[PDB]
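Okay, so here's just one chain, in structure tokens, the form solved without berberine (BER).
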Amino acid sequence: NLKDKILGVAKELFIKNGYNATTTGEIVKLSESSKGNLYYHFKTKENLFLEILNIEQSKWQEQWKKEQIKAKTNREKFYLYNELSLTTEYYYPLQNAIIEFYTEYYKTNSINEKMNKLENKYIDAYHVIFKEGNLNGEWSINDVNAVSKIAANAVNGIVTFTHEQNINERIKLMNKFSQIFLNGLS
């Protein structure tokens, strides 16, 4: 598939290299596609990017739901999600690329556009977990939406800023975090 070929080489390079490091030229030489290809469903570069992001976001959200069963209580769901957040092959491996992409477009107003609906899925997982926990009486969070955002970002941090040290060490930290966070919620 050509339309689904660009997306392939793209995600690949955006991960190995940064947002800038990888260029349209490089994709075209490994995916074979003139300017045209990139225009109907692939306008700009930040377009082909915001695309990949959504795909991955869904790939992750899906995997999460197909695996959250191994967790009976929401307290366990919180812990798990965070741990999985470290093992996955979806979305998280593009955080560095995102950090860049943002530090180099936070001017073009059409940024907080997708950067919005995207920030939703990103925190939705926590939103449910937290609200459901309220119903299930595991805790009582009145500012769910906030805690959701905080948890989501703190976790992204532990996943992103320690991406080079022993995976077991990581898993250990993340769990000690999840333990400390939930415990500060009541």
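We call the rigid core whatever largest set of C-alpha positions still superposes within 1.5 Å between the two forms. Don't overthink the numbering: it's just position in the shown sequence, from 1.
Form deposited with berberine (BER) bound: not shown, discussed below.
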Take the pose in the entry with it bound, superimpose it on this chain at the site, and classify the pocket for berberine (BER) as open or blocked using 3 ligand atoms within 2.4 Å of backbone or C-beta as the minimum for blocked. blocked
In the entry with it bound, does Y105 have a heavy atom within 4.5 Å of berberine (BER)? no
Hey, in the entry with it bound, is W60 touching berberine (BER), heavy atoms inside 4.5 Å? yes
Heavy atoms within 4.5 Å of berberine (BER) in the entry with it bound: does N37 have any? no
Touches berberine (BER) in the entry with it bound: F42 (any heavy atom, 4.5 Å): no
Berberine (BER) in the entry with it bound: within 4.5 Å of a heavy atom of each of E56, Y92 and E119? yes
Partner contacts for 125-161, taking berberine (BER) in the entry with it bound and a 4.5 Å heavy atom cut-off: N156
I141: CA shift of at least 2 Å between the shown form and the other one after core fit? no
Threshold 2 Å Cα movement between the shown form and the other one at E26, rigid core reference: yes
Would you say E83 moves between the shown form and the other one, meaning its CA shifts by 2 Å or more once the core is fitted? no
Can you tell whether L13 sits closer to or farther from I167 in the entry with it bound than it does here, judged by CA atoms, where the change is 3 Å or more? farther
Change in CA distance between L13 and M174 in the entry with it bound, which is 3 Å or more, as closer or farther: farther
